[PDB]
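The next block holds one structure in the form of structure tokens; read it before the comments.
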Amino acid sequence: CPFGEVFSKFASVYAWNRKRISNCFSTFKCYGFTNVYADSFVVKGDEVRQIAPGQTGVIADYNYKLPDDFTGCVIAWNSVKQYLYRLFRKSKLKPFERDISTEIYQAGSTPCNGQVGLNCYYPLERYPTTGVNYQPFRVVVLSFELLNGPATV
Amino acid sequence: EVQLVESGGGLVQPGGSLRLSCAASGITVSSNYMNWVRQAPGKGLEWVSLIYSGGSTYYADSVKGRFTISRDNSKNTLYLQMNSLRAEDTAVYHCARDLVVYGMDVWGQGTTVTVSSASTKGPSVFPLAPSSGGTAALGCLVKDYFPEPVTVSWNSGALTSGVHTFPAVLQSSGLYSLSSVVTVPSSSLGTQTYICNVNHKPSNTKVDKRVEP
Amino acid sequence: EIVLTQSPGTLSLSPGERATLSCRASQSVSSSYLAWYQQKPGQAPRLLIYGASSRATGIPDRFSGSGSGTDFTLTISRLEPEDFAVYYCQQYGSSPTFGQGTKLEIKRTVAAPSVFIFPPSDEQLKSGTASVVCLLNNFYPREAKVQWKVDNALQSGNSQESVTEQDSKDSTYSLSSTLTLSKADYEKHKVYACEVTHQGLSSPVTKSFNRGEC
């Protein structure tokens with residue numbers, strides 16, 4: 001079980017990683033197997049609460065969403081050794097949806113044609129000795145899958 | 001083209017309801033973070049409501065359970081439904097485009113909302129006569145009127161120098177009141193005619209009251 | 001939540017000087033969520049600095065942002081005559097919040113007020129109420145103390161004040177305080193006075209009149 005492989009380089013919240021696990025901390029809240037999924041990304045301490053059913057916010061709507069029927073748990077520890085997040089998006093993200101596109105966000109009537117400027121902004125915004133709330137908090141989420149078939153855990 | 005226009009403000013009795021309209025041109029309401037920021041008379045900017053591009057709506061503690069913000073894709077108009085309007089809500093409401101990291105760059109002139117039980121009434125004008133080579137002060141007292149505003153002129157606009165028209169103050173009775181004054185030479189008290197002109201459209205009141213020793 | 005405090009309430013300088021605007025955050029906060037706004041009278045707020053020191057498009061370079069952590073500074077290197085307005089600082093968190101604002105006035109030499117006291121008009125008394133108006137004309141600074149005294153008794157809770165904006169010519173202020181009393185209360189007393197305390201007066205100036213005497 002490569003649980004030590006999950007906990008040098010991490011991925012941003014907008015590009016969160018999921019890993020297929022089979023046949024094997026400041027915040028720890030459980031809510032709820034054939035399959036278990038390891039979600040690893042990073043958000044600041046303010047947005048840790050976004051990883052929960054019944055959520056609203058920049059991370060919840062446009063970066064990472066929980067299915068409101070979560071049968072799993074959320075793991076996270078303190079300040080991070082070594083980050084992007086999606087700020088501009090037209091619609092809310094679906095549960096477990098991942099958005100990679102870097103297309104210029106069109107906030108006006110005229111289109112952008114890939115050029116940043118008036119009413120045309122990059123959807124992704126860049127994230128020591130500051131408030132720990134705004135310091136990165138690595139977040140690990142485990143999703144449990146249970147269907148009518150042989151289990152693998 | 002990039003502009004925000006507010007409309008729908010008016011007079012509402014306490015505990016009533018009112019809806020505001022923020023028509024947008026050049027920018028898309030549904031694609032931007034929309035904010036409502038109001039300003040009480042003589043006070044600072046106070047944030048009211050926030051709607052996300054994805055539909056999430058945020059509200060302040062003082063407006064929770066009372067205010068609701070919506071939008072119309074077909075009209076590109078931002079709405080704000082207000083309920084249980086207390087005296088705190090007497091303010092001018094603006095709608096602004098919110099770039100979260102980059103701040104609020106586009107602001108509208110706003111619309112005025114007043115919460116008061118008082119009905120429209122005509123102002124009462126009372127002269128402030130001077131009393132006995134020098135400078136003397138005289139004026140008019142515009143008392144017990146509602147609602148704003150009132151326009152005061154002296155000698156049909158002929159006299160402007162030395163004129164001080166003070167901002168109105170809401171009295172404990174719910175009716176506005178202010179004073180307008182002017183400083184004139186004492187030698188001209190008996191030879192120059194000083195008339196103050198007071199106008200009030202809502203109550204159909206237009207009065208010319210003259211001040212004499 | 002986030003609370004922003006701006007110091008001081010009023011900044012008084014002259015054109016060509018340097019303005020240091022202070023906004024205090026009660027908690028450590030992000031350096032990318034702060035915005036400085038300029039609001040002239042009768043106009044919508046105008047964004048000047050976003051983030052911490054980034055100027056908005058079309059903002060003159062004389063405006064400069066600075067500060068980090070809990071203290072932030074807005075700097076105008078050379079004050080133009082049209083830079084005098086009210087300046088606000090903003091923070092977001094989850095819901096945007098604003099400070100109370102700082103007013104930029106024009107520095108001026110001290111000017112003592114002209115104090116005039118107006119007895120209530122006879123025509124007003126026929127309505128059953130009496131208003132006594134005290135006038136403070138063309139003074140600076142705005143800090144003026146007006147105390148109503150009926151038969152030497154300090155009146156409190158029955159007076160209202162209103163101050164005009166800074167004059168475009170001499171940069172002075174005018175104040176008008178109204179003492180509202182009923183007809184019965186007005187006739188109950190004789191001496192009505194208005195004591196004014198200001199920086200331009202060596203001693204407080206009292207303008208008084210006796211009721212029913214002209």
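So you can find residues: chains in the structure tokens are A, B, ... in the order shown, residues in each start at 1, and ligands are numbered from 1 in order.
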| request: Specify as a PyMOL selection string all residues of chain B found within 9 Å of chain C, counting only C-alpha atoms. | output: chain B and resi 35+43-50+58-60+94+100-110+124-132+136-138+141+164-169+171+178-179+181+183
Requested write-out: N, CA and C atoms of the selected residues, as a tab-separated table (two decimals), in the first residue's frame:
```
chain	number	residue	atom	x	y	z
B	35	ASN	N	-21.50	42.77	-6.59
B	35	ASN	CA	-21.60	43.23	-5.21
B	35	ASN	C	-22.55	44.42	-5.13
B	43	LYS	N	-22.21	58.61	6.15
B	43	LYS	CA	-21.44	57.47	6.62
B	43	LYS	C	-20.61	56.89	5.49
B	44	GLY	N	-19.89	55.81	5.80
B	44	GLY	CA	-19.00	55.18	4.85
B	44	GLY	C	-19.66	54.06	4.06
B	45	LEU	N	-18.87	53.44	3.20
B	45	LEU	CA	-19.36	52.35	2.37
B	45	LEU	C	-19.57	51.09	3.20
B	46	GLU	N	-20.72	50.45	3.01
B	46	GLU	CA	-21.06	49.21	3.70
B	46	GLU	C	-21.46	48.17	2.66
B	47	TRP	N	-20.73	47.05	2.63
B	47	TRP	CA	-21.08	45.96	1.74
B	47	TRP	C	-22.39	45.31	2.18
B	48	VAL	N	-23.17	44.87	1.20
B	48	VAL	CA	-24.50	44.34	1.48
B	48	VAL	C	-24.61	42.88	1.04
B	49	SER	N	-24.43	42.62	-0.25
B	49	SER	CA	-24.65	41.29	-0.80
B	49	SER	C	-23.60	41.00	-1.87
B	50	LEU	N	-23.42	39.70	-2.14
B	50	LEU	CA	-22.47	39.24	-3.14
B	50	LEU	C	-23.02	37.98	-3.79
B	58	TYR	N	-23.85	35.56	-1.11
B	58	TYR	CA	-23.31	35.88	0.20
B	58	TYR	C	-23.97	37.15	0.73
B	59	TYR	N	-24.17	37.20	2.04
B	59	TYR	CA	-24.82	38.34	2.68
B	59	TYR	C	-24.13	38.66	4.00
B	60	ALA	N	-24.26	39.91	4.43
B	60	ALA	CA	-23.70	40.34	5.70
B	60	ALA	C	-24.62	39.96	6.85
B	94	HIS	N	-25.21	51.11	-4.43
B	94	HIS	CA	-24.43	50.98	-5.66
B	94	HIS	C	-24.20	49.50	-5.96
B	100	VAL	N	-11.92	39.71	-7.54
B	100	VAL	CA	-11.59	39.39	-6.15
B	100	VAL	C	-10.19	39.88	-5.80
B	101	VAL	N	-9.18	39.36	-6.50
B	101	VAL	CA	-7.81	39.79	-6.23
B	101	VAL	C	-7.60	41.23	-6.69
B	102	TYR	N	-8.20	41.60	-7.82
B	102	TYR	CA	-7.92	42.87	-8.47
B	102	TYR	C	-8.83	44.01	-8.01
B	103	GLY	N	-9.69	43.77	-7.02
B	103	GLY	CA	-10.53	44.83	-6.49
B	103	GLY	C	-11.75	45.11	-7.35
B	104	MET	N	-12.56	46.06	-6.87
B	104	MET	CA	-13.77	46.48	-7.57
B	104	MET	C	-13.44	47.70	-8.43
B	105	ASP	N	-13.47	47.52	-9.75
B	105	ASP	CA	-13.03	48.56	-10.67
B	105	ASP	C	-14.17	49.38	-11.27
B	106	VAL	N	-15.35	48.79	-11.45
B	106	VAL	CA	-16.48	49.45	-12.08
B	106	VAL	C	-17.54	49.72	-11.03
B	107	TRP	N	-17.95	50.99	-10.90
B	107	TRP	CA	-18.95	51.40	-9.94
B	107	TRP	C	-20.00	52.26	-10.62
B	108	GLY	N	-21.25	52.13	-10.15
B	108	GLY	CA	-22.35	52.93	-10.65
B	108	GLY	C	-22.69	54.08	-9.72
B	109	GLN	N	-23.42	55.06	-10.26
B	109	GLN	CA	-23.79	56.23	-9.46
B	109	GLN	C	-24.77	55.88	-8.36
B	110	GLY	N	-25.53	54.80	-8.53
B	110	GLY	CA	-26.39	54.30	-7.48
B	110	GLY	C	-27.78	54.91	-7.48
B	124	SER	N	-41.93	74.52	6.44
B	124	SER	CA	-42.28	75.80	7.06
B	124	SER	C	-41.04	76.68	7.08
B	125	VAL	N	-41.18	77.90	6.59
B	125	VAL	CA	-40.06	78.83	6.46
B	125	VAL	C	-40.22	79.92	7.51
B	126	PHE	N	-39.19	80.08	8.34
B	126	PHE	CA	-39.19	81.08	9.40
B	126	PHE	C	-37.97	81.97	9.24
B	127	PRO	N	-38.13	83.29	9.13
B	127	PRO	CA	-36.97	84.16	8.94
B	127	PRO	C	-36.07	84.19	10.16
B	128	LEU	N	-34.78	84.35	9.91
B	128	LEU	CA	-33.77	84.57	10.95
B	128	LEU	C	-33.33	86.02	10.83
B	129	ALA	N	-34.08	86.92	11.46
B	129	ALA	CA	-33.83	88.34	11.29
B	129	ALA	C	-32.56	88.76	12.02
B	130	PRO	N	-31.81	89.70	11.46
B	130	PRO	CA	-30.65	90.25	12.19
B	130	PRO	C	-31.09	91.22	13.28
B	131	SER	N	-30.14	91.50	14.18
B	131	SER	CA	-30.38	92.41	15.29
B	131	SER	C	-29.27	93.45	15.34
B	132	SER	N	-29.62	94.64	15.82
B	132	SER	CA	-28.66	95.74	15.93
B	132	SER	C	-27.82	95.60	17.19
B	136	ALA	N	-23.45	91.81	9.10
B	136	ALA	CA	-24.60	91.24	9.78
B	136	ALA	C	-24.98	89.92	9.13
B	137	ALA	N	-25.67	89.08	9.90
B	137	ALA	CA	-26.07	87.75	9.46
B	137	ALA	C	-27.59	87.62	9.52
B	138	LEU	N	-28.16	87.05	8.46
B	138	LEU	CA	-29.59	86.80	8.39
B	138	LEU	C	-29.81	85.53	7.58
B	141	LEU	N	-35.23	79.66	8.07
B	141	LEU	CA	-35.26	78.35	8.72
B	141	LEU	C	-36.28	77.48	8.01
B	164	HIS	N	-24.57	80.54	2.91
B	164	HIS	CA	-24.23	79.23	3.47
B	164	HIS	C	-25.52	78.44	3.66
B	165	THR	N	-25.73	77.43	2.82
B	165	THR	CA	-26.87	76.52	2.93
B	165	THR	C	-26.39	75.23	3.58
B	166	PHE	N	-26.85	74.97	4.79
B	166	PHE	CA	-26.37	73.83	5.56
B	166	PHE	C	-27.05	72.54	5.12
B	167	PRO	N	-26.37	71.40	5.26
B	167	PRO	CA	-27.03	70.12	4.99
B	167	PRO	C	-28.18	69.88	5.96
B	168	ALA	N	-29.20	69.18	5.48
B	168	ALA	CA	-30.36	68.89	6.30
B	168	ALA	C	-30.04	67.85	7.36
B	169	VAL	N	-30.79	67.89	8.45
B	169	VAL	CA	-30.68	66.92	9.53
B	169	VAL	C	-32.06	66.33	9.80
B	171	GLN	N	-34.81	65.08	12.02
B	171	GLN	CA	-35.18	65.32	13.40
B	171	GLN	C	-35.77	64.05	14.03
B	178	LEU	N	-33.41	72.25	7.94
B	178	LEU	CA	-32.12	72.88	7.70
B	178	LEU	C	-32.29	74.39	7.78
B	179	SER	N	-31.15	75.09	7.71
B	179	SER	CA	-31.12	76.54	7.72
B	179	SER	C	-30.23	77.03	6.59
B	181	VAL	N	-28.29	80.72	5.46
B	181	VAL	CA	-27.88	82.00	6.01
B	181	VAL	C	-27.03	82.74	4.98
B	183	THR	N	-24.29	86.47	4.95
B	183	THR	CA	-23.69	87.61	5.63
B	183	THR	C	-23.71	88.82	4.71
```
So that I can check the surroundings of stretch 23-30 of chain B, please list as a PDB file with N, CA and C atoms, in the first residue's frame every protein, DNA and RNA residue that reaches within 7 Å of it, counting only C-alpha atoms and ignoring chain neighbours fewer than 6 positions away.
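around-v9.pdb, written as the output of this step:
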```
ATOM      1  N   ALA A 107     -15.410  37.996 -19.547  1.00  0.00           N
ATOM      2  CA  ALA A 107     -16.370  38.590 -18.629  1.00  0.00           C
ATOM      3  C   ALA A 107     -17.207  39.689 -19.268  1.00  0.00           C
ATOM      4  N   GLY A 108     -17.022  39.956 -20.558  1.00  0.00           N
ATOM      5  CA  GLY A 108     -17.764  41.009 -21.221  1.00  0.00           C
ATOM      6  C   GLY A 108     -18.442  40.564 -22.500  1.00  0.00           C
ATOM      7  N   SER A 109     -18.975  41.525 -23.257  1.00  0.00           N
ATOM      8  CA  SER A 109     -19.633  41.195 -24.517  1.00  0.00           C
ATOM      9  C   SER A 109     -18.620  40.803 -25.589  1.00  0.00           C
TER      10      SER A 109
ATOM     11  N   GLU B   1     -19.123  52.079 -23.104  1.00  0.00           N
ATOM     12  CA  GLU B   1     -20.075  50.976 -23.096  1.00  0.00           C
ATOM     13  C   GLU B   1     -20.072  50.260 -21.747  1.00  0.00           C
ATOM     14  N   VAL B   2     -18.883  50.077 -21.177  1.00  0.00           N
ATOM     15  CA  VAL B   2     -18.744  49.414 -19.883  1.00  0.00           C
ATOM     16  C   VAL B   2     -19.274  50.358 -18.806  1.00  0.00           C
ATOM     17  N   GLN B   3     -20.462  50.064 -18.286  1.00  0.00           N
ATOM     18  CA  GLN B   3     -21.118  50.962 -17.348  1.00  0.00           C
ATOM     19  C   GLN B   3     -22.163  50.187 -16.557  1.00  0.00           C
ATOM     20  N   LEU B   4     -22.406  50.638 -15.330  1.00  0.00           N
ATOM     21  CA  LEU B   4     -23.433  50.074 -14.465  1.00  0.00           C
ATOM     22  C   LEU B   4     -24.400  51.178 -14.063  1.00  0.00           C
ATOM     23  N   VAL B   5     -25.695  50.911 -14.213  1.00  0.00           N
ATOM     24  CA  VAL B   5     -26.747  51.874 -13.906  1.00  0.00           C
ATOM     25  C   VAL B   5     -27.693  51.249 -12.892  1.00  0.00           C
ATOM     26  N   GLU B   6     -27.962  51.977 -11.812  1.00  0.00           N
ATOM     27  CA  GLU B   6     -28.853  51.520 -10.757  1.00  0.00           C
ATOM     28  C   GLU B   6     -30.195  52.236 -10.846  1.00  0.00           C
ATOM     29  N   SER B  53     -20.391  33.948  -9.762  1.00  0.00           N
ATOM     30  CA  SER B  53     -20.705  33.592 -11.139  1.00  0.00           C
ATOM     31  C   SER B  53     -21.467  32.274 -11.208  1.00  0.00           C
ATOM     32  N   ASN B  73     -30.309  36.705 -16.946  1.00  0.00           N
ATOM     33  CA  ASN B  73     -29.456  36.522 -18.116  1.00  0.00           C
ATOM     34  C   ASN B  73     -30.039  37.212 -19.343  1.00  0.00           C
ATOM     35  N   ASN B  76     -29.532  41.034 -18.616  1.00  0.00           N
ATOM     36  CA  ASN B  76     -28.239  41.521 -18.129  1.00  0.00           C
ATOM     37  C   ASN B  76     -28.432  42.554 -17.023  1.00  0.00           C
ATOM     38  N   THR B  77     -29.364  42.268 -16.118  1.00  0.00           N
ATOM     39  CA  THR B  77     -29.717  43.168 -15.031  1.00  0.00           C
ATOM     40  C   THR B  77     -29.530  42.449 -13.704  1.00  0.00           C
ATOM     41  N   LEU B  78     -28.889  43.126 -12.757  1.00  0.00           N
ATOM     42  CA  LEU B  78     -28.666  42.596 -11.419  1.00  0.00           C
ATOM     43  C   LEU B  78     -29.768  43.092 -10.493  1.00  0.00           C
TER      44      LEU B  78
END
```
| Non-local contacts of residue B:154 (9 Å; only C-alpha atoms; under 4 positions in same chain excluded) as a ChimeraX atom specification | /B:158-160,163,182,194-198
DSSP-assigned strand (DSSP E) members of stretch 2-210 of chain C, reported as a CSV table (one decimal) with C-alpha atoms, in the first residue's frame:
```csv
chain,number,residue,atom,x,y,z
C,4,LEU,CA,-10.4,47.5,9.3
C,5,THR,CA,-9.6,50.7,11.2
C,6,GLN,CA,-8.4,53.8,9.4
C,7,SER,CA,-6.3,56.4,11.2
C,10,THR,CA,-9.4,63.5,9.1
C,11,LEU,CA,-6.0,64.2,7.3
C,12,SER,CA,-5.3,67.9,6.9
C,13,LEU,CA,-2.5,68.8,4.4
C,19,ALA,CA,-0.2,62.0,2.3
C,20,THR,CA,0.3,58.9,4.5
C,21,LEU,CA,-3.0,57.0,4.8
C,22,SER,CA,-3.1,54.3,7.4
C,23,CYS,CA,-5.5,51.3,7.5
C,24,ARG,CA,-5.2,48.9,10.4
C,25,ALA,CA,-6.2,45.3,10.3
C,35,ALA,CA,-8.1,47.8,-2.2
C,36,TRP,CA,-7.8,51.6,-1.8
C,37,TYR,CA,-10.8,53.7,-3.0
C,38,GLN,CA,-11.2,57.4,-3.6
C,39,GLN,CA,-14.7,58.9,-3.3
C,46,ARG,CA,-12.9,55.0,-7.7
C,47,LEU,CA,-10.4,52.2,-7.3
C,48,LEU,CA,-6.7,53.3,-6.9
C,49,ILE,CA,-4.6,50.4,-5.5
C,50,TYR,CA,-5.4,46.7,-5.7
C,54,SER,CA,-0.6,47.6,-7.7
C,55,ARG,CA,-2.1,50.7,-9.4
C,63,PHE,CA,-0.5,57.2,-5.8
C,64,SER,CA,1.5,54.4,-4.2
C,65,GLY,CA,0.5,51.4,-2.1
C,66,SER,CA,2.6,49.7,0.6
C,67,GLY,CA,2.2,47.8,3.8
C,68,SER,CA,2.0,44.1,4.8
C,71,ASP,CA,-0.6,47.7,8.7
C,72,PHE,CA,-0.9,49.2,5.2
C,73,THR,CA,-0.1,52.6,3.9
C,74,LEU,CA,-1.5,54.6,0.9
C,75,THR,CA,0.8,57.3,-0.3
C,76,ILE,CA,0.2,60.3,-2.6
C,86,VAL,CA,-12.5,60.5,1.3
C,87,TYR,CA,-10.3,57.4,1.1
C,88,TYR,CA,-11.4,53.9,2.0
C,89,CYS,CA,-9.6,50.6,2.6
C,90,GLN,CA,-11.2,47.3,1.9
C,91,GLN,CA,-10.6,43.6,2.7
C,97,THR,CA,-15.7,44.7,4.3
C,98,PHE,CA,-14.8,48.3,4.3
C,102,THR,CA,-10.4,59.1,6.0
C,103,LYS,CA,-11.2,62.6,4.8
C,104,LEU,CA,-8.5,64.6,3.1
C,105,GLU,CA,-9.1,68.4,3.7
C,106,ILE,CA,-7.0,71.4,2.7
C,114,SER,CA,-18.3,84.5,13.6
C,115,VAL,CA,-21.0,83.7,16.2
C,116,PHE,CA,-24.6,84.8,15.6
C,117,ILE,CA,-27.6,83.8,17.8
C,118,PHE,CA,-31.1,84.0,16.4
C,129,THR,CA,-42.7,75.3,19.0
C,130,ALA,CA,-39.6,77.5,19.2
C,131,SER,CA,-36.2,76.9,17.5
C,132,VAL,CA,-33.1,78.8,18.5
C,133,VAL,CA,-30.4,78.9,15.8
C,134,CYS,CA,-26.7,79.5,16.6
C,135,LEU,CA,-24.5,80.3,13.5
C,136,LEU,CA,-20.8,79.7,13.3
C,137,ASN,CA,-19.5,81.4,10.1
C,138,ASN,CA,-16.2,80.8,8.2
C,139,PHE,CA,-14.0,79.1,10.7
C,144,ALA,CA,-15.9,73.5,17.0
C,145,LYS,CA,-17.6,73.1,20.4
C,146,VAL,CA,-21.1,74.6,20.7
C,147,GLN,CA,-22.9,74.5,24.0
C,148,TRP,CA,-26.5,75.6,24.6
C,149,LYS,CA,-27.2,77.2,27.9
C,150,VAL,CA,-30.8,78.2,29.1
C,153,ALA,CA,-28.3,75.5,32.5
C,154,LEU,CA,-26.3,73.3,30.1
C,155,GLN,CA,-28.8,71.9,27.6
C,159,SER,CA,-29.8,70.3,19.8
C,160,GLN,CA,-28.8,69.3,16.3
C,161,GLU,CA,-25.8,70.4,14.2
C,162,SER,CA,-25.0,70.4,10.5
C,163,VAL,CA,-21.6,71.5,9.0
C,173,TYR,CA,-16.3,75.6,7.5
C,174,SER,CA,-19.7,76.8,8.7
C,175,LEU,CA,-21.8,75.4,11.5
C,176,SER,CA,-25.5,75.8,12.5
C,177,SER,CA,-26.8,74.4,15.8
C,178,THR,CA,-30.6,74.5,16.4
C,179,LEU,CA,-32.1,74.3,19.9
C,180,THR,CA,-35.7,73.0,19.6
C,181,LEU,CA,-38.1,73.7,22.5
C,182,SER,CA,-41.9,73.9,22.9
C,191,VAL,CA,-31.7,84.0,29.2
C,192,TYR,CA,-30.7,82.0,26.2
C,193,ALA,CA,-27.0,81.7,25.4
C,194,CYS,CA,-24.7,79.9,22.9
C,195,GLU,CA,-21.1,79.3,24.1
C,196,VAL,CA,-18.6,78.5,21.4
C,197,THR,CA,-15.2,77.0,21.9
C,198,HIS,CA,-12.7,77.0,19.0
C,205,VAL,CA,-17.3,83.4,22.9
C,206,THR,CA,-20.9,83.6,24.3
C,207,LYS,CA,-23.7,85.2,22.3
C,208,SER,CA,-26.8,85.6,24.4
C,209,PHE,CA,-30.2,87.3,24.3
C,210,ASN,CA,-33.1,87.9,26.7
```
| Any idea which chain A residues end up within 9 Å of chain C if we count only C-alpha atoms, as an MDAnalysis selection string please? | chainID A and resid 46 57 130:131 133:134
| chain A residues within 9 Å of chain B, counting only C-alpha atoms: which ones, as a ChimeraX atom specification? | /A:56-58,61-62,87-93,105-110,119,125
| Expressed in Å to a single decimal, how great is the separation between atom CA of residue A:31 and atom CA of residue A:47? | 18.0 Å
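Each of A:80, A:104, A:13, A:51 was compared to residue A:68 using only C-alpha atoms, and A:51 turns out to be the nearest.
Atom to atom, atom CA of residue B:134 and atom CA of residue C:142 stand 24.8 Å apart.
For the set B:7, B:205, B:13, B:155, the residue with the smallest atom-to-atom gap to residue B:123 is B:205, counting only C-alpha atoms.
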| query | To one decimal place, how far is atom CA of residue C:1 from atom CA of residue B:38 in Å? | reply | 19.3 Å
| Counting only C-alpha atoms, what is within 9 Å of residue A:39, bar same-chain residues fewer than 4 positions away, as number ranges by chain? | A: 16-19, 139-143
| request: Using DSSP on the backbone coordinates, identify all residues within stretch 31-160 of chain B classified as helix (DSSP H, G or I); present the result as a PyMOL selection string. | output: chain B and resi 61-63+87-89+155-157
